[PDB]
């Protein structure tokens, strides 16, 4: 009856030439939110990676394959600009993409900003891992996770990842029966 440990990858894509300090804010927001959403013992695998496609692919692959993360989330590099290559790297290492995540994350942001439709944030499956691209700003990250997390535990179940147990005080997750 012991809850399974959930391994979670947190990948910050950054050239480290814009933020200076506060380079950890987005990652900290990610860990805070997921820590409140899950009852499981959690182990976070955090890495800062330059905006180089192959490096991001390698990092994602390591988090899924070596660290056995059930969930891997990225922050940064998901707009129309030249070095925003995080969605491309994500698509390359996933076997199946889940367009519904990209749709909902834009719809969620589109409530606030018209430029939400510029986002290329996506999600996909690599083996027993769900990878999702998150926004860059802590407030945006929270709103995004609040919107998409209710579908995540069931998704992780279906791809045969470990069994997330939701803190229902903070978020609701739906699991279809039968």
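Residue numbers count along the first chain shown, from 1.
Remark: stretch with higher mean C-alpha B factor among 155-163 and 9-17 is 9-17. Taking the mean C-alpha B-factor of each stretch as recorded, 28-36 and 127-135 are not equal, and the higher mean is that of 28-36. Of the candidates 113, 56, 118, 145, the PDB record gives 113 the highest C-alpha temperature factor. Among the modelled residues of its chain, residue 60 has a C-alpha B-factor that falls in the lowest third, as given in the PDB entry.
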